[PDB]
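Chains as they are written, first to last, in the authors' numbering: chain A, 247 to 299; chain B, 869 to 880, 899 to 1082, 1088 to 1147, 1165 to 1496, 1505 to 1531, 1543 to 1589; chain C, 219 to 266; chain D, 589 to 649; chain E, 3 to 81, 88 to 143, 152 to 419, 462 to 620.
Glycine included, every Cβ here is placed at the ideal spot set by N, Cα and C.
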Amino acid sequence: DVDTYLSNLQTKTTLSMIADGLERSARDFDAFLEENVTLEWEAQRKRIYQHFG
Amino acid sequence: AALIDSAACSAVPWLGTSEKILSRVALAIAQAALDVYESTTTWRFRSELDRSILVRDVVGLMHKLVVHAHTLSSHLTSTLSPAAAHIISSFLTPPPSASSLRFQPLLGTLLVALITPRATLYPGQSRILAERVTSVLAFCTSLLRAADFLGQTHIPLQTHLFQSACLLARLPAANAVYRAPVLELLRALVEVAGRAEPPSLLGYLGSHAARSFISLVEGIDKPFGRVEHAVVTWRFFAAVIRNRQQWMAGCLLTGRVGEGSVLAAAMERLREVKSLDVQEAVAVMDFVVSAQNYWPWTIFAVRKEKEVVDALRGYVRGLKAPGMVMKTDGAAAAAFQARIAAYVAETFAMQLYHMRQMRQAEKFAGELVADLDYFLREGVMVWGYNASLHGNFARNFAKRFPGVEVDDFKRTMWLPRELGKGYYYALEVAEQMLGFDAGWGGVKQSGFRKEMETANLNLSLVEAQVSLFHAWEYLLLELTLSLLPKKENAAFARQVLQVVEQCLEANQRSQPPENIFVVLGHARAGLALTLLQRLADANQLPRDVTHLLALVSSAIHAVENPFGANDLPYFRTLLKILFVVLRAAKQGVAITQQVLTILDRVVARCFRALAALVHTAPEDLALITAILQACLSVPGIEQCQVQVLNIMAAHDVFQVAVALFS
Amino acid sequence: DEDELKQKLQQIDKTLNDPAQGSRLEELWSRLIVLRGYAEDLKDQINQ
Amino acid sequence: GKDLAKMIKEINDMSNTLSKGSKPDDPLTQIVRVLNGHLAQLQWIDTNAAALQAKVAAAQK
Amino acid sequence: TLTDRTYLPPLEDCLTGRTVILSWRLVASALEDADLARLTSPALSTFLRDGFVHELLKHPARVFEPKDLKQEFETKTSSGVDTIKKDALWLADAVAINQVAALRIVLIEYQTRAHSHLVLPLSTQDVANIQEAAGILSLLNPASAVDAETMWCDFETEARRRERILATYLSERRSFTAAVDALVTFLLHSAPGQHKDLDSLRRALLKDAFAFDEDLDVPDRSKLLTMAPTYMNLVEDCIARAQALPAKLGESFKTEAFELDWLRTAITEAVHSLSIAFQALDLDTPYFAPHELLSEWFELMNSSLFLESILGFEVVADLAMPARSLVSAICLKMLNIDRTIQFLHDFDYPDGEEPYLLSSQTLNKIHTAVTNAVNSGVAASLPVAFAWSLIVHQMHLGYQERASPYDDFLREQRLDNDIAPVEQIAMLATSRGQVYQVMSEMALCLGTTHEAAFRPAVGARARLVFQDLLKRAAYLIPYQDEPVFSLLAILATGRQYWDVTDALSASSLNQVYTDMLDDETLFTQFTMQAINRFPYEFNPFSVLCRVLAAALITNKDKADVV
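1. Below 8 Å, can you find three or more Cβ-Cβ pairs linking the stretch 1012-1019 of chain B to the stretch 105-122 of chain E?
2. Which chain D residues are close to C/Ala257, counting only those with a beta carbon under 9 Å from its beta carbon?
3. C/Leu250 touches chain D at which residues, Cβ-Cβ below 8 Å?
4. I'd like the span of the alpha helix (DSSP H) that includes B/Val1571, first residue to last.
5. Relative to the C-alpha of B/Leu1171, which residue among B/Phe1128, B/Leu962 and B/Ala1059 is closest?
6. Is it true that the stretch 990-1002 of chain B meets the stretch 189-200 of chain E, where meeting means three or more beta-carbon pairs spaced less than 8 Å apart?
7. Excluding five sequence neighbours on each side, which residues of the same chain lie with their C-beta closer than 7 Å to the C-beta of B/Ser1198?
8. If contact is defined by three or more beta carbon pairs under 8 Å, each pair taking one atom from either stretch, is the stretch 228-238 of chain E in contact with the stretch 322-339 of chain E?
9. For C/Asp262, which beta-bridge partners are listed by DSSP?
10. Can you say whether D/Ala646 is buried or exposed, counting buried as having 16 or more other CB atoms within 10 angstroms of its CB?
11. Would B/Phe931 be called buried (16 or more neighbouring beta carbons within 10 Å of its own) or exposed?
12. Let me check one thing: in DSSP terms, what residues is B/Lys1318 bridge-paired to?
13. Ordered along the chain, which non-local residues of its own chain (more than five positions away) have a Cβ less than 6 Å from that of E/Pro245?
14. How long is the line joining the alpha carbons of B/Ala1100 and B/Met1139, rounded to whole angstroms?
15. Taking Cβ positions only, does B/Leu1385 come closer than 7 Å to chain A?
16. Run through chain A and tell me which residues come within less than 7 Å of B/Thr1438, C-beta to C-beta.
17. Any beta carbon from chain B within less than 7 Å of E/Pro338's own beta carbon?
18. Since B/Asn1366 and B/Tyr1293 should fall inside the 8 Å C-beta cutoff, what is the C-beta to C-beta distance between them, to a whole number of angstroms?
19. Just how far apart, CA to CA, sit B/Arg1264 and C/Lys261?
20. By the 10 Å Cβ neighbour count, where 16 or more other Cβ atoms means buried, how is B/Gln1566 classified, buried or exposed?
21. Out of E/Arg7, E/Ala136 and E/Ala142, state which residue places its alpha-carbon closest to the alpha-carbon of E/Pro158.
22. Can you tell me which of B/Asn1300, B/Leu1383, B/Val953 and B/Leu1440 puts its alpha carbon nearest to the alpha carbon of B/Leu966?
23. I need the DSSP call for B/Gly1274, collapsed to helix, strand or coil.
24. So, with DSSP's three-state summary, where would you put E/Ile152?
25. Do E/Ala389 and E/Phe524 have their C-beta atoms closer together than 7 Å?
26. Check whether chain D comes within 7 Å of C/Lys261, counting only Cβ atoms and requiring the distance to be less than that.
27. According to DSSP, is C/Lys232 part of a helix, a strand, or is it coil?
28. How would you list, in chain order, the residues of chain A whose beta-carbon sits under 8 Å from the beta-carbon of C/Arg254?
29. Sort B/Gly946, B/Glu934, B/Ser909 and B/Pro899 by Cα distance to B/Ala870 and report the nearest one.
30. Indicate whether the contact test is met: 3 or more Cβ pairs, each with one atom in the stretch 255-273 of chain A and one in the stretch 610-620 of chain D, closer than 8 Å.
31. Tell me whether E/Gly393 is buried or exposed, calling it buried when 16 or more other Cβ atoms sit within 10 Å of its Cβ.
32. Below 9 Å between beta carbons is the criterion; list the residues of the stretch 161-175 of chain E that meet it against any residue of chain B, in chain order.
33. When burial is assigned at 16 or more other CB atoms within 10 Å of the CB, is B/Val1210 buried or exposed?
34. Can you look up B/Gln1137 in the DSSP assignment and give me helix, strand or coil?
35. Got a sec: which bits of the stretch 505-528 of chain E sit with their beta carbon under 8 Å from any beta carbon on chain B, in order along the chain?
36. Could you tell me the boundaries of the alpha helix (DSSP H) in which B/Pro1545 lies?
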């Protein structure tokens, strides 16, 4: 385990890698909003399908 | 030197003087002192003590001149500004022909010190030489800091300071007194080598000499165990590790794992923080973080191999760390405890990130989440700024000192700000600058000194709170991903909701100043944003928006409506926060009356402002559209459609929408 | 011809026995260990 | 040379483990490595061929 | 129930580094710099508060007296230890010290190898870097400079290791002497307004070692007054080792450098012993010291020629001058010219202690010692000889008015009828103002200025004997410029203008100054005459006003005298 950990290690500050979580969140939020608005359009269409009958 | 010291007190006896006269006299004095310093390398004294005293005096004068110029940034330090400026221009970027004439005196002093024999007699000469060495070291440090400041990319003095450190590595061997000053100098040289690979220090020191110096310094004041020399050696180690030094860092961490390395003793000190002085604990934790962020594979490995002694002590510290410690016995220890907790949280977050990368962070995180009580108490809440006493002190100082203001004592960032009573206000200088007239001393240790000390302690506490904020933000951000499964959901959701509520309440309550600390706008909004994001991804919310949205609405109402102003990130993050909040509400009636305010006053106003400005805009308009779409989906709206028809028709949004569509 | 030999030897020996050249490696090693720790941490974080 | 070799090895270890560390017996790092080999050999070919090409200009007197 | 646990911690701690033994170097440094943090540190606090360290510092001879502690050595060395044990055994076989002390010194040297290596000559690359920096300043030695490889390979050798061990042994001896001296100084002449922790530590150390309690109206000086012979007897072994190196030591190590180092160490140890004795003596200024000890001390000085045999070399002048000054100071102290004249003129018994005045043998010994010293042609004996001559000049007249034990002396060496020898000695001493010049030099080396060889309090308490000598000698020899310049160089010492501070110190340190305004002899003869000779004789009055204004800044009772 330690062998692979040292093999795949990069010379750089650790506090910068964890920071990437912010970027990843900012890039996931977009897709999450797109899923919100798609499940919303879906819901709306559904309620219309239950309005017409 | 006495003339310069007297001129330093520019806050006052002085009939027959003026700023220009004092400035010219100081410039002439600086020129004369520099000429003497350049000429002393040629005279032949009957003995070495005379030249030593002369060098000590001139170095002390130059140091007092340099520090006085950068210690403050107000007009109080303008009388000696042409002089300090001259000395700096002549000791940082001298001509190449007379560059060595200004450096040979220091080299000769270091040589004479490193080859003076040890003697039990003649204590006068010994103390004079010690003071001379300390003055030379302080002057070197001041020059290094001055070069680091003002944006100096090419420092020709560094080439000579390296070969001077070549001697300073052995100089402490003659006298232990030099161990702290020397290390300080080295720390400042390393700092100048960071913001400027650098010249390999091992090439100047040497393998054997470097190993001997490491074996001498690794033990932090073991025979006595003082706090000053300890914080000094811990800051030195942190600075040496933070820079690109790799050979020295490896020899200091490994010790040639670690059996006699600095870390072997740092763990021995960490396992007794419950009784150790909080002042030294901060420096020890800073060293730990500096060794982890740059050399994690060693520090984290050793800590996991010995976690049975560190995790227990961390849990003990966390459980018995009250939040409001001001009211209890102790006022200055609050900032120290907050800084210690912030460093502990940062280290926990880093080791949890490493374990997650190694896929061994489940049990450790599950055991640590039960220790976040101190965080829930004094974490994201930064309302401990107590602007009341700060404003009172400012008014009392402006009423008694019309000319000098309270903000004039702000540090110029020349030296790393201490997390003590001198974080923002320069007390070391104020003690000698305002102590000439009655009012500073005060009866029964009262007056302006105690109030300034309390204000500095409060600012240090706020800084420690911000550090803990960042640490806990990272920790919780990684834990939200770690604790994805369906367990410990109750306490987890409770903690997240409490954090969000504390953030939203602090966003409304009194804000801190923007000139002292960093603007909080957009700094603590994304935290709650991502928290609610991940909690919605997990779908484990108690649909308790009935009260959570009130704070967001109050913030959106009392934000001055900077829809398109410079505060665009703040507006966007607030919009995303309210979006996720109203989405969580949709998943859940008394909700419609509480959510119609955003549909009536917020969405319409922002849409009209955007339509009027557009005559940046695309993403904001898309976010507003998504907000309205997700807000029109709440179940409470399918019945209040009648009630909302009029509010939606009053602004005639359809006209502007069709216009922009054209 | 000894002079030439010790001249070459002195040149290469002088080139090797330099503070900077010797220091670069030491600096590099730590400079690597930084990335080692950073990568290992960021790896453990994204070890899912 | 030995220490430098150790360094390079460790760098390889860190890069390889960082990029992938849940299957060190996989075919990706395989393709990477073999493909690197090919790159190096191709470089050798290119350079030496260029050298020989240069050597011909001398005969063009 | 006095073990060496805190004194000599287990070898496992010394080797693993979990507890660095508090060597005498660190204690001496902390006591010399008067650092608050170090002196109040837990480690040093527990080390000094232990009764074992108290018994050791009260009996330094036992610290190096040859004993058979083979059992203790084996028990300590059992439960890199083989080399440590071998070095300890070799050192114990070479020097007469016990095996425990040798083992402790070897452990301290092992812990201090970094310093011993860093204080060595630099390598070739360092010399090259220094030359590059230089572009006067020629304090290097490139002719002998070598690379680091050959410097380290030679450092780990056996001969070099043994030489370093011996050097560390000598350094630790000097450090122990300086540390005990500074400790006695701080415990006897503690400055006021110090931190509460320092006062508490002082009171604890006193009550534990000497039972000296400040809340008692009469503290127990017995255990503090018994520290004079404890070191006057050790000075014998010091001079014996100075005049003869260890025989069991290998001849290969007995080189010029080693001989010079041994001589310097012996001189430093003798100076520290003399200083400790002078301190323990001035602790009780008015009362006399036991004549049984002064007899042996004067016999010792007679035999050794006032340490002129070991100090006769020209390479120990820097250490000889202060050594001679301190010898003269302690001689004048034990002589008590002031109290001696008071007793000879008052005839009332002091009751503090019996003086040598009632023993004719001691008087004969002192007289023959002074005669031998003056015949040998040495300057260090100038003030002591002059003083003794004055005493004899007062005894002669005391006999003329009575024409009792001193009569035996006066008639034993044929000193009753003729007064030629003492008169000739005084004439030679006063010729060319040699006595005054040597006294001024001693005061300079025993003052408070940065040129002084000892601490400020040491010189402040050492100038008292010279001031008393000038007091009793002023009414004998008339007023003249030479004695005045001598007293000026004594009281002022030649310090600078910025050497004046308002730092409040113990009254004892201010005694040497206030005496000028306390005793009528030093008031109506020097101060009054100096004021009357103004501005004609400007330097005396000026320097007197300067020193008075510099010394009476905090003394509110005499702040408006200048």
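According to the structure data:
1. no
2. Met602, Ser603, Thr605 and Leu606
3. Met595, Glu598, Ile599 and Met602
4. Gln1568 to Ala1577
5. B/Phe1128
6. no
7. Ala1129, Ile1132 and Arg1133
8. no
9. B/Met1266
10. exposed
11. exposed
12. B/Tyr1333
13. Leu309
14. 12 Å
15. yes
16. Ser271
17. yes
18. 7 Å
19. 7 Å
20. exposed
21. E/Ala136
22. B/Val953
23. helix
24. coil
25. no
26. yes
27. helix
28. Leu252, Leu255, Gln256 and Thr257
29. B/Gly946
30. no
31. exposed
32. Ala164, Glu165, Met167, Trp168 and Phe171
33. buried
34. coil
35. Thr507, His508, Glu509, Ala510, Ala511, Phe512 and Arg513
36. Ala1544 to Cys1558
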